[PDB]
Amino acid sequence: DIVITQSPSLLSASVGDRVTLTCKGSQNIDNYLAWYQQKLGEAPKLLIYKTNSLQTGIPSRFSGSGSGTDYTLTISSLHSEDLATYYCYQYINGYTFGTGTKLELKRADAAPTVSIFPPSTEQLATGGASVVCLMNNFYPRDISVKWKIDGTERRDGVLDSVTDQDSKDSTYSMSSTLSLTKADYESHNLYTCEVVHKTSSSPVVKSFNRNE
Amino acid sequence: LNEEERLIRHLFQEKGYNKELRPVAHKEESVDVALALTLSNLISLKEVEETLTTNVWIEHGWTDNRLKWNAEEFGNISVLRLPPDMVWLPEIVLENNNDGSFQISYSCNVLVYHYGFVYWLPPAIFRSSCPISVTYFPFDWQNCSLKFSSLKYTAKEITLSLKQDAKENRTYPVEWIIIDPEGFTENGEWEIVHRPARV
Amino acid sequence: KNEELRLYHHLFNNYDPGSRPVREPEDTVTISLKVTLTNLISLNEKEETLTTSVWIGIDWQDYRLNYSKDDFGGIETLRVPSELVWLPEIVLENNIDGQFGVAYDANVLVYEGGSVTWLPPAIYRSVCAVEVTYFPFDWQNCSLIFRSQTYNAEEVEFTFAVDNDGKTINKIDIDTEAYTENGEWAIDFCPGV
Amino acid sequence: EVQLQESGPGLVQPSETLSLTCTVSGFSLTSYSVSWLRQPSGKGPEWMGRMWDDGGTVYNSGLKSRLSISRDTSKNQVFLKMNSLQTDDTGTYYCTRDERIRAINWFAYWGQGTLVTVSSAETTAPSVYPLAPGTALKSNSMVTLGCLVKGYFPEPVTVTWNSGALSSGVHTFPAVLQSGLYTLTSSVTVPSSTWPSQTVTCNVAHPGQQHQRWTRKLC
Amino acid sequence: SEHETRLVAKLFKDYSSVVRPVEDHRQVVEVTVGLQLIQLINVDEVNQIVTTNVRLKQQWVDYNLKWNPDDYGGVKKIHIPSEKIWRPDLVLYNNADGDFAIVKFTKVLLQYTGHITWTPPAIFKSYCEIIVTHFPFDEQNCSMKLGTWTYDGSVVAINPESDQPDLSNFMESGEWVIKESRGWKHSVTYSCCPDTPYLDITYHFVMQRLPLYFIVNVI
Amino acid sequence: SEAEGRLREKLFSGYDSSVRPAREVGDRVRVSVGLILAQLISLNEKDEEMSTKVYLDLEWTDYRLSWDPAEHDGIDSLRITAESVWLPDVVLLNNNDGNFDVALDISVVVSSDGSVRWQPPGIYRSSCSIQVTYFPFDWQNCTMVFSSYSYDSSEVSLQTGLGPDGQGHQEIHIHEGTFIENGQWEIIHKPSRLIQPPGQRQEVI
Ligand SMILES: *[C@@H]1O[C@H](CO)[C@@H](O[C@@H]2O[C@H](CO)[C@@H](O[C@@H]3O[C@H](CO[C@H]4O[C@H](CO[C@H]5O[C@H](CO)[C@@H](O)[C@H](O)[C@@H]5O)[C@@H](O)[C@H](O[C@H]5O[C@H](CO)[C@@H](O)[C@H](O)[C@@H]5O)[C@@H]4O)[C@@H](O)[C@H](O[C@H]4O[C@H](CO)[C@@H](O)[C@H](O)[C@@H]4O)[C@@H]3O)[C@H](O)[C@H]2NC(C)=O)[C@H](O)[C@H]1NC(C)=O
Ligand SMILES: *[C@@H]1O[C@H](CO)[C@@H](O[C@@H]2O[C@H](CO)[C@@H](O[C@@H]3O[C@H](CO[C@H]4O[C@H](CO)[C@@H](O)[C@H](O)[C@@H]4O)[C@@H](O)[C@H](O)[C@@H]3O)[C@H](O)[C@H]2NC(C)=O)[C@H](O)[C@H]1NC(C)=O
Ligand SMILES: *[C@@H]1O[C@H](CO)[C@@H](O[C@@H]2O[C@H](CO)[C@@H](O)[C@H](O)[C@H]2NC(C)=O)[C@H](O)[C@H]1NC(C)=O
Ligand SMILES: *[C@@H]1O[C@H](CO)[C@@H](O)[C@H](O)[C@H]1NC(C)=O
Ligand SMILES: CC(=O)OCC[N+](C)(C)C
Ligand SMILES: [Cu+2]
């Protein structure tokens, strides 16, 4: 079937900005492309079909354009209502969907509030030694985290997740963890969390030595 | 949405077009039908069978105001092509045929124009009866003819007329068989000396 | 009530003769062909036309027409107009007058178990290039080419009919109760491929 | 007017059979086709199959053996049944009303979608470990402290700080699955002098077995 | 087992064979026309009529006859009666005593892309100017002027499939050898229709008589 | 032409062209059979066959097709395609090539009193016993036998068409101003006779 790609994967724009999401197939889609708007926890809503037919009741600020293998969705003036994930899909040969473009309101850059916590006594009593590192209220979402133990980096057992934009300040929050056994933890003493973010040329670092 | 399909729906389903009724405001009115004949090839004149075979195009033309539409309302469609089964036809046949082939050979699409003019140019091969004057053979000339009239309609119902054509914004009747240099094939035995047309 | 009417309604109330009798599109319909020659009407050398009267034995399985005689009063054959069933549209490709199809649209026979049989009579005029070199002591290799007009080899597949002894009849069948000898042309061989 | 509502079990054992009911209102199944879509976690949506208006069905070739679709035009319900379930089937399942132009079809309306999780793990109570800084690197009036919630199954789990005293300064990072069980974290902003003296407590509840815990600050 | 019937029903529910098969009426229908010559049946010198068995392959895309193969289990082609669809009205202009248009309405092959292939058989009895000078050693140049009768070049454009007729299935005649064959597309303006040029493809065959029969019996 | 459409729909509402317009079960339908000869195409002695181009002149009353013209905007007559009304199956019994029927089903004319007139053209090749003796001074007596194929004399009564004055002008009509004079044969006598049956059928010869 016709493979479909979208760009950007994540797009940030301020209210009122024109945005043009792009959708490109591996084969001629012959204008049989549709766009729908999906919000977290809400039923997806069809915006456009046949690349330019506006769905009834969709605001006229949405418009579609394209031909052959390249297509675009244009929002003439971004409203706050329109912050959502937009998928193009194709229905002329099979059904294939884009990965989706997530659209966020643009925000002033902010450095993360970084903190690090050793495995508490209660976790160590249960034999768990997972380390945790937090990064609250940062923007943009572009962030990277590295764990270093006794100066040596660690990647096994590392897991993390990032919240969506806060509804009041649009900043992101991230948490990251390093699961370890009590034996593996006690084999080392130095632990540090290294946070890379676009607001600085050097990483923010936090560290602890042994139990608190 | 194709404007042609919406236009055809408007003309036939919404307007309720009836192909069996003549295009007239009142039954007392006759339908004026213009005929011309384009001779494409004089296939043969068989003296023994007294049968002239000709490949011809019969130019029918009449007005059907039921098929009028505003071009601007339907995407600027100025001409529409319809099966002849869809529209009323004047039902004109070769009266003096020699073999029972009264009707045209191919029922081509009718052309309908937005101002209500209906145009039809079916091709036909006709085998008309042509009595042969053998007297001066082989130096003979033969006065063959093709007689066209309607049998389903009469002078009370349809008025036959010759195709009118225009030069210098003045109209004249085409009182002759049309010979088109792109469509016409010269017969190797017979030279067409005269080719009149009369109502 | 006539059980044939119940059988006809059961078979054809939800039957489409457009689609082939296949459960999946990629399945071939196997056709059993058994051309039976009734007479060689003539070989016209001047026009190079062989005229023959034949019966075109066509048998195939149509799973949609499957029925059991026990459910319909013991009916073992139903005659149905051929326009109602799917047909392989077998035509004589090497005809010369343009008569591709058969001369009479005989009813098909829908046997129990879903076997469909068609045996229409046909008169065929076909191209036979005549080698006049040894006339009048000449022999002529006329041929009849049968194919589906519509379906390709991956949609409809031909096979020869199988005799009661299990031997495939890879030749034109001749029935002593139907064949009338031509007084001008003897027939020596009639293999099918 | 037009609405669709998927319903079904949120958790199904592997190799069990999933069943979903798409309830329909505002239109008649006899005149609109209903397609089924699913969105596997971390992937784009895929078409599973369609219930035709004429009552026929068609299925994705990858799922044709695993799927059956049926409907009740009197109840305005479309049923999906899927067997041989596997971990990779975990995702959100949508039923869609399909529009048409001649033979071409596209998804015009979506239901809200039902999250289906395929996992063998039995319901398990969370552990709630306290998080406290390993060094006194800061003393500001706004310092972040949290709690680590691990081992519970299934979702959801909820975290609050001194119950209703949580205030807006609370964050709840999305849960993560490890070794077939969930892990979650939360943090609160508190003065550096408050959290060692006030009994700042993370309150955690797990409706999967109505479990409840409270963990105070320890350092 | 019902999906091809469903497909045919969906395609033709509101299909119109009257309108041209284009998305927009200002578009031109692109028809590919390939004459296949199966047999030179006769060359009637005295009547100047040539009888030929031909297949007139016609190919065009019908915008409305598209379908998605996944909706119908991967059905990518179907056979449908040609009387149901719109067809180009190719007429043999130089017809002498046969039919002008195709009369054997065989089934067309329709593909999921909307591409229609139609290969109706015909016996064209076209007029040919038999040149008598070099008889019985004469070469005859007989032609077939084929074009859409009512659709003009701005409305339906016909294009030759190949520069030459397809002779791959030509049954070798015992009287005439086709030394050359070619197809030329022309646009010409008729006095009927001065503002709209009409397209035609004139296929022609240079046939050389085999003189041996006439050498023996006459010369 | 709205009133014509209304009248046409009224007449054929509940009409059945397969049923002959007998009012009572015993009523016969009287069909006047006239013949107009347009061209004696040829006479073939080898086939003993005469080819003629003729117009029939069939007239009968169909009570189902009567109407009051004052109720229908003064429409006193109507032209209707022959396939939609009941037609007598008058055919050439003595044809030589199997073409019983007429060459073209032109429209019938229906009068408001229900009188239907039909004048279809026919191309006919009747068998004609050739008087071989006095060739080439011979004269030939060819016959065209027209009868209803199916209906009995008790259902359809054929009659020779009367003259325009109602005279019993039992002759083949020939419009001498437009008749295509044959170059080899001269028409001397052209009578017609109604032949009474010896379930039997009447014939007009
Ligand atoms: C046996 O008999 C047959 C016929 O019975 C005979 O067939 C002829 O064969 C000759 C060649 O042997 C053909 O001649 C060629 O014709 C080609 C097609 O020409 C047509 O199309 C041209 C396309 O140009 C534009 O056309 C329109 C615009 O009008 C536009 O939409 C298109 O996109 C395209 O751009 C067109 O130019 C051409 O016009 C010709 O005629 C007009 C008026 O009639 C005149 O004004 C022009 O000057 C011109 O003559 C016509 O409509 C053509 O392409 C081809 O050209 C090649 O050769 C010439 C020289 O010969 C070079 O100058 C040129 O660069 C190319 O190399 C050539 O002209 C002829 O058309 C056939 N005719 C028929 C009726 O089929 C066989 O030859 C006979 N064989 C024997 C005896 O052995
Ligand atoms: C009567 O007429 C029949 C039809 O013309 C004759 O049968 C044909 O005879 C010719 C003789 O040249 C055969 O042609 C040869 O075939 C062989 C076999 O190859 C075959 O398979 C390959 C691969 O598929 C294919 O390319 C060939 O075309 C053949 O189909 C070749 O090796 C030779 O090169 C040559 O082509 C025909 O095959 C054969 N056809 C059939 C259907 O029998 C028959 O011989 C005539 N009989 C008499 C007594 O006159
Ligand atoms: C065609 O139909 C017959 C009749 O139903 C099938 O034969 C069996 O019939 C009995 C009825 O007593 C059923 O219980 C069986 O299920 C049928 N099937 C078999 C395999 O025994 C028959 O199978 C059908 N199909 C074909 C191809 O003939
Ligand atoms: C029709 O053509 C005119 C110009 O002649 C143009 O202004 C108008 O927009 C056209 N309308 C449509 C519906 O295409
Ligand atoms: C309009 C129409 O039917 O034209 C036919 C004649 N032709 C093809 C020579 C122009
Ligand atoms: Cu199916």
Side-chain angles (χ1 to χ4, degrees), chain B residues 46-51 96-100 127-135 137, chain F residues 31-58 89-103 119-149 153 158-163 167-198 200-205:
Chain B
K46 292 184 176 182
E47 302 92 337
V48 190
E49 291 73 24
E50 299 195 287
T51 290
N96 72 318
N97 70 80
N98 209 84
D99 64 347
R127 292 173 197 77
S128 80
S129 196
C130 177
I132 299 294
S133 183
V134 299
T135 309
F137 173 89
Chain F
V31 179
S32 297
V33 187
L35 189 75
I36 304 130
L37 180 70
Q39 181 190 352
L40 172 57
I41 294 167
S42 63
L43 182 148
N44 188 317
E45 297 86 349
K46 295 299 291 186
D47 296 343
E48 297 200 323
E49 180 187 282
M50 178 187 66
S51 306
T52 56
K53 177 171 174 287
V54 301
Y55 296 93
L56 281 169
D57 184 23
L58 298 169
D89 56 352
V90 174
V91 293
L92 186 70
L93 295 189
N94 73 317
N95 69 75
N96 204 61
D97 62 352
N99 186 234
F100 290 86
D101 315 80
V102 299
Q119 301 193 327
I123 306 294
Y124 287 130
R125 296 180 188 77
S126 78
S127 55
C128 177
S129 181
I130 303 303
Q131 304 296 346
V132 325
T133 308
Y134 306 105
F135 188 104
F137 307 93
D138 55 305
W139 61 274
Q140 303 298 336
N141 178 19
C142 295
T143 51
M144 302 185 72
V145 180
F146 287 96
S147 191
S148 47
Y149 189 84
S153 60
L158 304 188
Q159 300 180 341
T160 50
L162 299 177
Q167 181 175 4
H169 190 63
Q170 297 191 307
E171 292 189 22
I172 300 177
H173 204 306
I174 294 189
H175 298 115
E176 298 188 327
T178 193
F179 168 69
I180 303 179
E181 178 70 20
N182 185 283
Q184 186 177 183
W185 295 96
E186 176 174 22
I187 302 164
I188 294 187
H189 303 291
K190 54 184 177 62
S192 66
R193 290 296 180 263
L194 175 64
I195 304 301
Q196 294 302 325
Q200 296 185 345
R201 294 181 292 164
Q202 285 177 277
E203 287 160 24
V204 181
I205 305 189

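Below, each value reflects all heavy atoms present in this structure, side chains not excepted, and no hydrogens, waters or symmetry copies. Every chain is numbered from 1 and lettered A, B, ... according to where its sequence line falls, protein lines coming before strand lines.
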Legend entry - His175(F)/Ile36(F) under side-chain contact (heavy atoms from CB on, under 4.5 Å): CA gap, chis, key distance, verdict: CA-CA 8 Å; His175(F) 298 115; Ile36(F) 304 130; 3.8 Å; yes
Are side-chain heavy atoms of [X] and [Y] found at a separation under 4.5 Å?
| X | Y | answer |
| --- | --- | --- |
| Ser126(F) | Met50(F) | yes |
| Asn98(B) | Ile41(F) | yes |
| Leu194(F) | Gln202(F) | yes |
| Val31(F) | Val204(F) | no |
| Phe146(F) | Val91(F) | no |
| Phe137(B) | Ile132(B) | no |
| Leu37(F) | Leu35(F) | no |
| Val102(F) | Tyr124(F) | yes |

Inset, instruction - Could you walk me through whether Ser51(F) and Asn44(F) pass side-chain contact (heavy atoms from CB on, under 4.5 Å), step by step? - result: CA-CA 8 Å; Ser51(F) 306; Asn44(F) 188 317; over 6 Å; no
Inset, instruction - State the CD1-CG distance between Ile130(F) and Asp47(F), to the nearest 0.5 angstrom. - result: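 Taking CD1 in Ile130(F) and CG in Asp47(F), the distance rounds to 10.0 Å.
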Legend entry - OG on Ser129(B) to CD on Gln39(F), rounded to 0.5 Å: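 Going from CD on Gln39(F) over to OG on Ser129(B), the span is 3.5 Å.
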Verify, without hydrogens or angle tests, whether [X] (side chain) and [Y] (backbone) share a donor-acceptor contact under 3.5 angstrom.
| X | Y | value |
| --- | --- | --- |
| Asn95(F) | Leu92(F) | yes |
| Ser153(F) | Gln200(F) | yes |
| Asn94(F) | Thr143(F) | yes |
| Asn96(F) | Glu49(F) | no |

Inset, instruction - Could you pull out all residues at least two apart from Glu171(F) that satisfy salt bridge (charged side-chain N to carboxylate O under 4.0 Å, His left out)? - result: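 Here the qualifying residues are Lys190(F).
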Inset, instruction - Could you list the residues that satisfy salt bridge (charged side-chain N to carboxylate O under 4.0 Å, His left out) with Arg201(F), not counting sequence neighbours? - result: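 Testing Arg201(F) for salt bridge (charged side-chain N to carboxylate O under 4.0 Å, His left out), a comparison that skips the adjacent residues, returns none.
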Legend entry - Enclosure of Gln196(F) CD (heavy-atom neighbours >12, cutoff 6.0 Å): yes
